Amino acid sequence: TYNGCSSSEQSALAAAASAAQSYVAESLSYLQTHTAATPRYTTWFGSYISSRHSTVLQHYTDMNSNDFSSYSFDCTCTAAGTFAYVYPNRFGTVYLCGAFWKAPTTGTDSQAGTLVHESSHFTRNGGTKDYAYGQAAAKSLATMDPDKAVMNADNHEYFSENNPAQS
């Protein structure tokens, strides 16, 4: 459903939700078939170990079961510098702000990637936190504190967006 969203915003959300669904799907498949260290994994989740891999696998297994297209979207926020926000304990509802509309549908820090980010925050999906923001801090977190990286929303977004792409 939509709340305070214009025709164009609903269309953008429709496209972003579908692309977010695909990101999560390809991301889950990747985690299920890659059970050893790979560039794409270590860059965003650090040194590969079974327990952490299971953690991220679980997050995507859960997010994959979500219906991004059925999320309750709210576009009343007009903050030009904010992308989106959610309440971890209030599942399926995403609040969009001004910066979301200026972001590309797919790619780095995209609308679709933003939904994957926010989705990971839901307690049902793993309850990720925001320990680091942006690709640079996300990669640094992966290198220095992998345990936090597998619990950081941006690291999930960047793992899914995979841009620049890695195997």
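Numbers for residues come from their place in the sequence shown, where the first is 1.
Can you tell me whether 94 to 102 has a higher mean C-alpha B factor than 126 to 134 in this record, or the other way round?
The entry gives the higher C-alpha B-factor average to 94 to 102.
Tell me which stretch, 103 to 111 or 33 to 41, has the higher mean Cα B-factor listed in the entry.
Comparing 33 to 41 with 103 to 111, the higher average CA B-factor belongs to 103 to 111.
Place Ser69 in the lowest, middle or highest third of its chain's C-alpha B-factors, as listed in the PDB entry.
Answer is highest: the recorded C-alpha B-factor places it there.
Please place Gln21 in the lowest, middle or highest third of its chain by C-alpha B factor as given in the entry.
Middle third.
Taking the C-alpha B-factors as the PDB entry records them, is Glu9 in the lowest, middle or highest third of its chain?
Highest third of the chain for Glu9's C-alpha B-factor.
Determine, from the deposited record, the chain-internal third of the Cα B-factor for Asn162: lowest, middle or highest.
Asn162: CA B-factor falls in the middle third of its chain.
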